[PDB]
Amino acid sequence: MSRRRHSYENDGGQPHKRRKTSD
Amino acid sequence: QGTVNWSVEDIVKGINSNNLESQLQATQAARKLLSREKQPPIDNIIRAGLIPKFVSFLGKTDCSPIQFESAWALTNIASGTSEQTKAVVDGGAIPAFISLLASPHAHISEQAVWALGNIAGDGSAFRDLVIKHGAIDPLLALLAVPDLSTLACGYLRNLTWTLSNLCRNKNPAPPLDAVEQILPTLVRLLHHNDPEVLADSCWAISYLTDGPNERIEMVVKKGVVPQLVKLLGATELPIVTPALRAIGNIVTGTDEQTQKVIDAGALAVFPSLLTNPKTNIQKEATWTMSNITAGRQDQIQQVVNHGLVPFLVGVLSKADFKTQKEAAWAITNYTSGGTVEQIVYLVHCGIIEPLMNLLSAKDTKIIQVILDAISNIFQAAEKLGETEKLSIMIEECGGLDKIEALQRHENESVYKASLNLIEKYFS
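About the thresholds
Residues numbered from 1 in each chain as written, not as in the entry; some residues may be left out. Chains lettered and ligands numbered in written order. Heavy atoms only, no water. Helix = DSSP H or I, 4+ residues; strand = E, 2+ residues; numbered from the N terminus. Rg over C-alpha atoms; globule rule 2.2 N^0.38 Å. Contact = heavy atoms within 4.5 Å. Areas by Shrake-Rupley, 256 points an atom, 1.4 Å probe, with all protein chains shown as cover. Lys, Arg positive; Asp, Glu negative; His and termini not counted. Charge placed at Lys NZ, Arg CZ, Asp CG, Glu CD. Expected span 1.5 Å × (residues − 1). Buried < 20%, exposed > 50% of the residue type's maximum accessible area, 1.4 Å probe, protein only. Polar contact = N/O pair within 3.5 Å; in protein donor to acceptor, adjacent residues only side chain to side chain. Salt bridge = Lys/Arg side-chain N within 4 Å of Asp/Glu carboxyl O. Buried area = accessible area lost by both parts, 1.4 Å probe. Axes fitted to C-alpha atoms, helices over the stretch in contact; angles between N-to-C directions. Parallel < 35°, antiparallel > 145°, perpendicular 65-115°, else oblique. Left-handed = near helix turned anticlockwise from the far one by under 90°. Nonpolar A, V, L, I, M, F, W, Y, C, P; charged D, E, K, R; others polar.

Chain B is annotated in the PDB entry as Importin subunit alpha-2 from Mus musculus. For this entry, the PDB title field holds "Mouse importin alpha: mouse CBP80 cNLS complex".

See below:
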């Protein structure tokens, strides 16, 4: 049967936040 | 050059002056400290008690430049640890940033978008708090244009990114009505031509589909699957990755939901995905295949028709171990739900030898998986009276030697299943 995402894995590894260092 | 590398105490002196221009200059100096390449002194700024001052500066419609500098400063504080983000929220920044979404100054509006993205990005609680304060309407209003192409590139990327954070995280997942509110705009972004927008749009969708069938349905009913399949064949890895993530999530749903993925032509992309030079892509693709082979016999048949079985033999034969293990799963699922004919086809493609070779792995779970698959294959062989032809095939590639040895295994399920196989088809 179907196996969903393991609860102990992240959601893809994309950064959650971003610091602005230039304009 | 005049606001470069101030001490925190000088920044405090300026901000505590009763002079708006002195305050502007000190705020900019703070912004530059918080924007430097290395070790921004976020905690020093927080400890100096500067956050409430920055937040008040957000409300100074009369002085747009200090609005922008404080917005930028607060954005960077909010980009840090959960505690640092909490300090910004505690200062009342959320409603202040939301008010700024309406600013006539694009660069200020954009900055507020960015800041809200960092806040929502901290987790479910701040995500939902940003939503309760009413961020979604004004955010979506910024995208209510005839053609997204007229918007500044960076501006559109920031909006898309912040939206994806509003779609992100579980326990709990975002509010149903918020997701419904966001989806149409998200579908439109998914058709834009900028790689960054496309990547983040796909990530959002992958977040939304990472949950129970009802969540998946909300997305699938918007008719995005064909577009996702298209993005699945893109040349850009940062687009392919979240596209594949989303497709994989969708096929964890119902067979009917999985069928939409098949109908959209997804399987034709898998010869490439299952041989993709990026390890993670092969793993994700094989995992996806395993959930497809866990479906209906007519869905297994389409896997067959698309010539995907040899590709599964391939990854079972040689791949990163994690991938090989997803392949093992795909095989057990296949053999558990497949017809006799489909199962014999599997053996004809050469599944047996690479299956046996993986039995020498020191991972208790995959061994169970493989043993179960063998039992399934034998069962199909019984209905054909060709159990002996299978036993020899297994014997000749050194499979019997491995199974015999498995009779002495730590795990109980292992040696019982192996013991059973021996005194049923060998011995």
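> Just checking my understanding: could you explain the overall build of chain B for this structure?
Assigned secondary structure in chain B consists of 28 helices and zero strands. In terms of overall dimensions, chain B is more spread out than a globule: its C-alpha atoms have a radius of gyration of 28 Å, far above the 22 Å expected for 427 residues. Along the first, second and third principal axes, the C-alpha set of chain B runs to 95 × 45 × 35 Å. By sequence separation, contacts in chain B at least 24 residues apart represent 68% of the contacts at least 6 residues apart. As presented, chain B carries roughly 17,500 Å² of accessible surface, and 51% of it is formed by carbon and sulfur atoms. Charge-centre separation for chain B: the mean point of 35 positive side chains lies 5 Å from the mean point of 44 negative side chains.

> What exactly am I supposed to notice about helix α13 (residues 195-208) of chain B here?
The α-helix winds at 3.6 residues per turn, so residues separated by three or four positions along the chain end up facing the same way. Residue and element names in this part refer to chain B. The first and last C-alpha atoms of α13 sit 20 Å apart over 14 residues, in line with the 20 Å expected at 1.5 Å per residue. The buried count for α13 comes to 12 of 14 residues, which makes it a mostly enclosed element. Within α13, the full set of buried residues consists of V197, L198, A199, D200, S201, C202, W203, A204, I205, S206, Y207 and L208. Residues of α13 that are buried make contact with α11 (153-166), α12 (176-189), α14 (213-220), α15 (225-232) and α16 (237-250). Its side-chain oxygen 3.2 Å from the backbone nitrogen of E196, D194 forms the N-cap of α13.

> Quick question: what am I supposed to make of the pattern of salt bridges here?
Proximity of charged atoms lets side chains of opposite charge pair with each other. One pass over the structure, following the stated rule, counts 20 salt bridges over all chains. Between A:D23 and A:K20 there is a salt bridge; the shortest N-O distance is 3.0 Å. Residue A:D23 is classed as exposed on the basis of its relative accessible area, which comes to 76%. For A:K20, a relative accessible area of 6% gives the class buried. Residues joined in a network through salt bridges with shared partners are A:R5, A:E9, B:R245 and B:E284.

> Would you take a moment to explain the interface of chain A and chain B for this structure?
A common way to report how large an interface is uses the accessible area buried once the components associate. Contact residues are listed per partner, giving 19 residues for chain A and 46 residues for chain B. Summing the contributions of chain A and of chain B, the shared interface buries around 2,700 Å²; its carbon and sulfur component is 40%. When the buried surface of chain A facing chain B is broken down by residue, A:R3, A:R5 and A:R18 rank first, second and third, together holding 31% of it. Across the chain A-chain B interface, the total number found is five salt bridges. The closest approach of N and O atoms between A:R5 and B:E284, which form a salt bridge, is 2.9 Å.

> Hey, could you run me through the side chain of B:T209 in this one?
Tracing the chain through its elements places B:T209 in the loop between α13 and α14. Those residues in contact with B:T209, other than ones at most four positions away along the chain, are B:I216, B:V219, B:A246, B:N249 and B:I250.

> Would you explain unusual backbone geometry in this entry?
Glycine aside, residues mostly have negative phi angles, and peptide bonds mostly take the trans form. All names here are of chain B. Look at the link from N171 to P172: it is a cis peptide, with omega at -5°. For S427, which is not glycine, the phi torsion reads 50° and is therefore positive. In this structure, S427 sits in the segment after α28 (412-425).

> I keep staring at the packing of α16(B) against helix α19 (residues 279-292) of chain B and nothing clicks. Help me out?
For any two helices packed against each other, one specifies the crossing angle of their axes together with the interaxial distance. Residues and elements named next belong to chain B. Interaxial distance between α16 and α19 falls to 9 Å at its minimum, and their mutual angle equals 20°. With respect to α19, the element α16 is oriented roughly parallel. The element α16 and its partner α19 pack so that their crossing is left-handed. Residues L237, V240, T241, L244, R245, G248 and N249 of α16 touch α19, and the partners they reach there are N280, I281, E284, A285, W287 and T288. When its residues are assigned to classes, the contact of α16 with α19 shows six nonpolar, five polar and two charged.

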